[PDB]
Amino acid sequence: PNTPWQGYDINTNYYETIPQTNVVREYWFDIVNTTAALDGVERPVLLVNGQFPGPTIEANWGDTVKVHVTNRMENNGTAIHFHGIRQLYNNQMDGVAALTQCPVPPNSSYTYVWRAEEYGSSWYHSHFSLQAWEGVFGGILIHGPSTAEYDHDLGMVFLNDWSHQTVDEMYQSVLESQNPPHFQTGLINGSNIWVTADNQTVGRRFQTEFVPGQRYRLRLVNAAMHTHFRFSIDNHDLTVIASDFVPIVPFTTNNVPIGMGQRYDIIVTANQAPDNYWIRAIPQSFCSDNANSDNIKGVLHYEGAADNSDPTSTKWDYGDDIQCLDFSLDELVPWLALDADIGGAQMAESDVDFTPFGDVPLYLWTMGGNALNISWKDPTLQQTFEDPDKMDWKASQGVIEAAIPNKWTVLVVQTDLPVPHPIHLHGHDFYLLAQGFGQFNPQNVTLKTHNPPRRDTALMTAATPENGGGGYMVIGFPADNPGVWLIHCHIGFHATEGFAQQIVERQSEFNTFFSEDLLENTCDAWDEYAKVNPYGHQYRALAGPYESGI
């Protein structure tokens, strides 16, 4: 109705129908090695063109988006994933090193061409080792229909945990120990204050200004390394209007529990007394180890000033900030109602465990029997191009086949440990059938199949040690998208340690998107770089910084 998607609305099946705008958006990203003082302490970061939040990819529903990525670092390769982007018959643009491409080496490039076949909020980031968490990420905002109206779109709001030592600096101590990583702090959209060792304050807090009476869209993204956050705005109400790329029936709440890799679209109404209010992102202590959960805040400033002054507002009393949880299954109802259709589906189960390896012990996460051990130098797609009808997978490849077109897969991702994990499926919106605590008993647990929640990242929740630990999440998806899709824990360190598996989906029909050149050119350049730079060689052993390959 005077929109760039005229002739479609909130009720259009975006899995089947894509607006043809014939418009190409085009971005040039130089991935750089540098330095940044995000809370006023200097430390190394790796960045998209020098900015933290990387610049945002903006598109309208239905557009083609073309991201020219160039590696201008000296000691990392790169590969860039557009999280939540479906890549329908476009697998090779999904940017998972060791699956869909070789890593792009310094001074080489890779042009990502993908279609905007969803609308909503997400982000792109590296899928190359720990790099997304060095800062190689930025938002994706695809304009489209909304399930509630608002007045102003404030864009992305990123929530990270943060340390003054590098995620790569801490990696080796993470692997050699069974306790979680420790983070000093957090940032909201890349800012926070910081104070130590003098009582001097450095950096600054996030701030936005609401004009009274106005309705704002905020698009939350948990971009953190190892934190599940609960987000709120003192005295204000939040109207959840979408989960990941899927718009839901609006509903209000005090706080948004937000898992790593997840997005929530939020409408907030300047309907409180024009004053100053805490914006809070609080680490959930069951699965978050932060030194500063009280102090990851930002200022909501109402136009009717009170400038330069802190807020004095009280946090919503909503219970503890302990357990790491998703909105419940019934709270997340997709506006496009589609259901799970699991009749006669390939049933599958994957255990999640945390096991030691080698004489040092390195403690590795392990998904469906093995910790992933694949090869930058030899991505799956090369394997399947060299051998079209390959069936001899190696267990440490974490293959789960779905070779029959349009057949569903109902997967159980389950654990015995009192440790919860965000689980993200590439190439798909999965249908979230069950979610719970303790062990999963297919007789006692009732699968929601009628218009269940639909998204790309959801928690495998876990019970606390006093309640016996353990947990499971159940997902289902049709084989509707040929390609090799990573399925994995969205926690950085876990996925690098092997907490990842690969859907080898519709293998026969890889020729439907596969380009020899797009593959070879990059792999040759990466091979070229490995001959001269020690960092071109994937460390895969057990006395150093292990990389599963993704």
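Residue indices: 1-based, along the sequence shown.
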(request) Tell me which of 371-379 and 197-205 has the higher mean C-alpha B-factor in the deposited entry. (result) 197-205
(request) Return whichever of 186-194 and 354-362 has the greater mean Cα B factor according to the PDB record. (result) 354-362
(request) Tell me which of 398, 471, 261, 274 tops the list for C-alpha B factor in the record. (result) 274
(request) Please work out which residue in 226, 219, 455, 421 has the highest C-alpha B-factor recorded for this crystal structure. (result) 421
(request) Tell me, lowest, middle or highest third: where does the Cα B factor of residue 128 rank within its chain? (result) middle
(message) Can you tell me whether residue 318 has a C-alpha B-factor in the lowest, middle or highest third compared with the other modelled residues of the same chain?
(response) highest
(request) Compare the C-alpha B factor of residue 111 with those of the other modelled residues in its chain, then answer lowest, middle or highest third. (result) middle
(request) Going by the recorded CA B-factors, say which third of the chain residue 304 sits in, lowest, middle or highest. (result) highest
(message) Please place residue 493 in the lowest, middle or highest third of its chain according to the CA B-factor in the PDB entry.
(response) lowest
